[PDB]
**Q** 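Take a look at the following structure, please.
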Amino acid sequence: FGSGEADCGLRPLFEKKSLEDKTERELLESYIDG
Amino acid sequence: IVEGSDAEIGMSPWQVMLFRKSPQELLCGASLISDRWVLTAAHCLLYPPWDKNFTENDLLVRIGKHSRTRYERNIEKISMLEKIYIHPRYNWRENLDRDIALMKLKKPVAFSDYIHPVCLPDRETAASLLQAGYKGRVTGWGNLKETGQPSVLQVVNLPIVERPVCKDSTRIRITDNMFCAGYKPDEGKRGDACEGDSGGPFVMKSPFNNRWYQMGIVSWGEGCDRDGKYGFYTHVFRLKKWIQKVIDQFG
Amino acid sequence: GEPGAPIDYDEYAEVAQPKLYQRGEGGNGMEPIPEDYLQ
Ligand SMILES: *[C@@H]1O[C@H](CO)[C@@H](O)[C@H](O)[C@H]1NC(C)=O
Ligand code: NA
């Protein structure tokens with residue numbers, strides 16, 4: 001048990017379906033030390 | 001959650017509601033990290049200033065929930081506690097240092113589209129994500145404002161704040177086991193956690209492997225959504241060594 | 001862009017107030033769950 005279970009962090013209704021939620025783009029687009 | 005929105009179905013499959021058996025009450029948020037290990041804040045089970053001291057038989061965990069109030073049969077599942085593990089160096093007296101606890105379930109929970117664990121960050125993932133300006137996601141059923149309660153789970157995206165700004169924002173001693181998040185007044189946008197959200201997860205999506213990692217636990221604040229004040233979150237990664245000692249010893 | 005949290009492990013008058021209800025709000029509107037769970 002390092003980072004957790006083998007399937008952790010991958011949501012059935014989103015990542016496992018290649019669908020994004022409505023605000024997760026905002027999270028990724030903040031990854032810029034500007 | 002102040003200035004949040006309604007969660008989408010399955011948007012937060014690791015969200016747990018720590019639930020009091022009698023009287024039937026919402027106790028806290030929590031997070032699913034494995035088939036029988038739930039992460040929460042230590043003050044949800046032990047807070048002497050308010051004479052709070054729950055044992056395993058007092059509490060249940062409701063996983064897969066959306067509604068705050070409705071019993072969501074066939075979608076949510078309810079598990080019982082086998083043991084509670086509060087951090088040995090949890091300090092409630094001054095600044096909720098090491099505000100973290102583990103709860104082992106009596107029987108492993110069955111995963112579904114609404115029940116799924118979150119990852120804990122490795123040294124590489126934590127280092128690249130825990131940077132001021134980077135936004136994480138907070139979820140809970142707590143108050144919608146400081147000055148009432150949502151019908152469904154609430155979500156808000158908040159940025160990590162520079163440690164000097166957190167330190168200057170409050171007279172309370174900050175330690176390295178906590179970080180703070182929220183918008184500055186100059187940034188215009190608003191949002192915060194509030195009473196009822198504590199013990200819930202602060203999570204970040206990794207741009208390396210597309211996984212969600214829990215970086216924080218809703219711990220404390222001075223009011224909710226105040227200009228120049230920020231919510232404080234237990235620093236999960238600093239405590240990850242302890243988290244593992246418990247899951248390897250008593251797993 | 002600064003690290004809002006140190007990347008190391010915790011090898012081991014004013015009080016912080018946890019974001020925890022204090023006036024029984026956690027019971028408002030709660031629909032009773034099946035009695036089988038309440039034991
Ligand atoms: C909490 O309650 C238990 C009883 O199960 C007791 O043994 C423990 O010392 C208490 N801790 C406190 C009051 O800090
Ligand atoms: Na604020």
Side-chain angles (χ1 to χ4, degrees), chain A residues 9 11 21-28 30-31, chain B residues 1-8 10-18 26 28-33 38-41 43-44 65-66 68 96 99-100 118-121 129-146 149-150 152-161 166 178-184 187 189-206 212-226 229-237, chain C residues 4-5 17-21:
Chain A
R11 300 170 292 187
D21 71 59
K22 52 167 184 168
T23 65
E24 83 182 48
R25 276 298 103 175
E26 176 188 3
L27 294 178
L28 286 341
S30 70
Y31 296 168
Chain B
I1 301 290
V2 179
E3 203 75 14
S5 60
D6 296 337
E8 288 178 288
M11 195 190 204
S12 190
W14 33 77
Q15 183 83 27
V16 182
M17 178 186 298
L18 193 50
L26 176 147
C28 277
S31 60
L32 190 70
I33 64 178
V38 172
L39 202 63
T40 186
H43 71 252
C44 292
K65 283 198 63 53
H66 191 76
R68 179 182 55 95
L96 291 164
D99 195 356
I100 190 178
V118 73
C119 308
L120 298 190
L129 298 190
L130 285 168
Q131 291 185 71
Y134 293 14
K135 290 178 177 174
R137 178 175 283 175
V138 183
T139 44
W141 294 277
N143 273 16
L144 300 172
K145 236 95 174 72
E146 178 199 341
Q149 296 172 275
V152 304
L153 187 64
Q154 295 298 286
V155 53
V156 70
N157 296 320
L158 296 172
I160 301 178
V161 169
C166 304
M178 56 193 69
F179 62 89
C180 92
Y183 291 103
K184 299 161 198 169
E187 286 170 313
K189 305 177 176 177
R190 311 200 64 96
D192 201 354
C194 206
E195 46 176 359
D197 295 324
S198 73
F202 184 102
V203 305
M204 303 182 79
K205 178 157 189 165
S206 165
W212 292 85
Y213 295 84
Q214 174 172 10
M215 315 301 299
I217 300 168
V218 185
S219 175
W220 60 277
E222 299 173 293
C224 314
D225 192 47
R226 293 187 186 170
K229 252 54 110 178
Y230 307 96
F232 282 80
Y233 300 77
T234 295
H235 184 352
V236 175
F237 172 80
Chain C
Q17 299 304 299
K19 267 132 145 69
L20 176 74
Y21 279 134

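Order of the sequence lines sets the chain letters (A, B, ...), proteins ahead of strands, with each chain counted from 1.
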**Q** Give the minimum heavy-atom separation between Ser5(B) and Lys22(A), together with the two atoms involved.
**A** OG-NZ, 3.2 Å
**Q** Are any side-chain N or O atoms of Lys19(C) and backbone N or O atoms of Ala193(B), one a donor and one an acceptor, separated by less than 3.5 Å?
**A** yes
**Q** Can you tell me how far apart OG (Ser31(B)) and CD1 (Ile217(B)) are? Round to the nearest 0.5 Å.
**A** 6.0 Å
**Q** Do the side chains of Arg190(B) and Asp225(B) get close enough for a salt bridge, i.e. N-O under 4.0 angstrom?
**A** yes
**Q** Restricting to non-hydrogen atoms, name the atom on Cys224(B) and the atom on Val2(B) that form the minimum distance, rounded to 0.1 Å.
**A** CB-CG2, 4.0 Å
**Q** Between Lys135(B) and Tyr183(B), does any side-chain donor sit less than 3.5 Å from a side-chain acceptor?
**A** yes
**Q** I need the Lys189(B) NZ to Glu3(B) CD distance, nearest 0.5 Å.
**A** 11.0 Å
**Q** Taking all non-hydrogen atoms of both residues into account, name the closest pair between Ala30(B) and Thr40(B) and its distance.
**A** CB-CB, 4.0 Å
**Q** For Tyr134(B) and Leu129(B), which heavy atoms make the closest approach, and how far apart are they?
**A** CD2-O, 3.3 Å
**Q** Before giving the answer on side chain to side chain contact (heavy atoms under 4.5 Å, CB included), spell out for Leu158(B) and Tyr233(B) the whole-Å C-alpha distance, their side-chain angles and the decisive distance to 0.1 Å.
**A** CA-CA 12 Å; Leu158(B) 296 172; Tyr233(B) 300 77; 3.6 Å; yes
**Q** Using the six-membered ring wherever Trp is involved, compare the ring planes of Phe202(B) and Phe179(B) and label them parallel, tilted or perpendicular (cut-offs 30° and 60°).
**A** perpendicular
**Q** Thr23(A) and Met11(B): side chain to side chain contact (heavy atoms under 4.5 Å, CB included), yes or no, with the steps?
**A** CA-CA 10 Å; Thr23(A) 65; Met11(B) 195 190 204; 3.8 Å; yes
**Q** To the closest 0.5 Å, what do you measure between CG (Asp99(B)) and NE2 (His235(B))?
**A** 14.5 Å
**Q** Using 4.0 Å as the upper bound for N to carboxylate O, is an ion pair formed by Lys205(B) and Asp21(A)?
**A** no
**Q** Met178(B) versus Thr234(B): any side-chain heavy-atom pair under 4.5 Å?
**A** no
**Q** In Å and rounded to the nearest 0.5 Å, what is the SG to CG distance from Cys194(B) to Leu144(B)?
**A** 8.5 Å
**Q** Quick one: does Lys65(B)'s side chain get under 4.5 Å of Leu153(B)'s, heavy atoms only?
**A** no
**Q** Looking only at heavy atoms, which two atoms of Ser219(B) and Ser198(B) are closest? And how far apart?
**A** O-CB, 4.0 Å
**Q** Are side-chain N/O atoms of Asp6(B) and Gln154(B) paired as donor and acceptor at under 3.5 Å?
**A** yes
**Q** Closest heavy-atom contact between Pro18(C) and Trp220(B)?
**A** CA-CB, 3.8 Å
**Q** Report the distance from atom SG of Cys119(B) to atom CE of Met204(B), rounding to the nearest 0.5 Å.
**A** 14.0 Å
**Q** Of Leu120(B), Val236(B), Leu130(B), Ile160(B), which is the lone residue that meets side chain to side chain contact (heavy atoms under 4.5 Å, CB included) with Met215(B)?
**A** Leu130(B)
**Q** Between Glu8(B) and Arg11(A), does any NZ, NE, NH1 or NH2 come within less than 4.0 Å of an OD or OE carboxylate oxygen?
**A** no
**Q** Could you state the interatomic distance from NE2 (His43(B)) to SG (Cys28(B)), rounded to the nearest 0.5 Å?
**A** 5.0 Å
**Q** Are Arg226(B) and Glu146(B) within salt-bridge range, i.e. N to O under 4.0 Å?
**A** yes
**Q** So, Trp141(B) side chain and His66(B) main chain: donor-acceptor pair closer than 3.5 Å or not?
**A** yes
**Q** Please lay out, stage by stage, how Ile1(B) and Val155(B) fare under the test side chain to side chain contact (heavy atoms under 4.5 Å, CB included).
**A** CA-CA 7 Å; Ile1(B) 301 290; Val155(B) 53; over 6 Å; no
**Q** Under the side chain to side chain contact (heavy atoms under 4.5 Å, CB included) rule, what do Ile33(B) and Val38(B) come out as? Steps first, then yes or no, please.
**A** CA-CA 6 Å; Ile33(B) 64 178; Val38(B) 172; over 6 Å; no
